[PDB]
Each structure stands twice: as C-alpha cells, then as structure tokens.
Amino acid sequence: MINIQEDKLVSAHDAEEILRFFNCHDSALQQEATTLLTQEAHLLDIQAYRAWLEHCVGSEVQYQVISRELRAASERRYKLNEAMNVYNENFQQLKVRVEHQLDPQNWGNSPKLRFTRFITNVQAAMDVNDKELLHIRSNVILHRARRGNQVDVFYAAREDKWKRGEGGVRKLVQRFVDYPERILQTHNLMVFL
C-alpha cells in the first residue's frame, strides 16, 4: 500500500508491517488478540510475574526493547551500531528479572508499587508460513507509581508474535519495542512493556 520512495519519512520495516494488517482482516482474531493482551496486562498490573511467565510467555521467547541513536534523516555514511538493547531477553533472563522483583530484599519494592496499563490499537494477522504463529500489534500506556509522589508514564508500540501453544494457552514468542523517547525521564525503564 505504501511506496517508500514517495512516502519519504516511512521506513522499510514499518511499510512491511502495514502490509501485514491491511490485507486479510479476521474480526474474530482481532477480538481474541484483544482478550489475550487484556489478560496479560491484568497479570502484570497485579504483579503476578510468575503467573505471567507461566501463562503468557513461551520458552522460545525473545523479549526486546531497543533504544535507537538519533541520526540525521539524510545519513548514509555512518554505519555503526544503530541501537542499544534496553531489554533483549530469553526465557531464563526473564526468569532472573522476575526472581529479582519477588525477592524479599528488593528494597525498592517496599512500599508495594502500583501499576496501571492501558492497551489500545490492537491489530492481529496470522503468519503466512507458520500457522502456529499470530502477529499482534498494540500500543501501551503504562503508569508506575510509588513512594507517595513518584509517577512515571511510559508510551510504546509493541510488535508481537504469539504462538498457539497447547490447551488454548497462547504464548508470547517475540515482543519487539523501539522505545520512542531517546533519553528516559522516568528514572529507569524497569517495567515490562
């Protein structure tokens, strides 16, 4: 649908993701993806991190949040690493982060933190080659509050792949976020987007 020679601001990656959703629209799949993401965001909001790992996250997951360096729109010569990885986790690494959240000596989790997540703009399309796999796109606003007057609000678009799994338990196999703010003003990015 997009011609990126004409639509000069659009990246090749973004144009490919638009092509995936404007073709085969299955309303039932969209509703199913909406339920899945609302349940995942409820487990995270109540800080049921073990339940999230067990019910929502696949053993082959890649959970990745990048931060891209700011470069000129006309850049074409400088070709060094374009982005670092804020997260680039396999299942074991997510498990380490969950154990860190749950440890009694994680002093920053006392008083208990308060999370509220707002998931919108859900789109879903099956993968063309692997029918175990569903592409789901959604945007999240995440509010994390603590210690009386600390309030941090995170904003991001999520490009996910979820696989059927067994027993109706669809599980995340890839989450990719290109975080929109280069310099974070939320103290850290220590939240699961």
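Each residue number is its position in the shown sequence, starting from 1. For the two forms, the rigid core is made up of the largest set of C-alpha atoms that agree within 1.5 Å on superposition.
Choosing between 137-145 and 158-166, the greater Cα displacement from the shown form in 8 other deposited structures of this protein, fitted by the core, goes with 158-166. Taking the root mean square of CA deviations in 8 other deposited structures of this protein after fitting on the rigid core, 14-22 and 168-176 differ, and the farther of the two is 168-176. When 145-153 is weighed against 54-62, 54-62 comes out higher, by mean CA B-factor as recorded in the entry. Higher mean CA B-factor, judged across 18-26 and 5-13 from the recorded values: 18-26. Of the candidates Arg164, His42, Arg68, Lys161, the PDB record gives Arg164 the highest C-alpha temperature factor. Set against one another, the Cα B-factors of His100, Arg76, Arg114, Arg117 in the record reach their highest point at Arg76.
Ranked against the other modelled residues of its chain, the C-alpha B-factor of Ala125 as given in the entry falls in the middle third.
Sorting the modelled residues of the chain by their CA temperature factor places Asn90 in the middle third.
Compared with the other modelled residues of the chain, the Cα B-factor recorded for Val173 ranks in the middle third. Among the modelled residues of its chain, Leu36 has a C-alpha B-factor that falls in the lowest third, as given in the PDB entry. Sorting the modelled residues of the chain by their CA temperature factor places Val140 in the lowest third.
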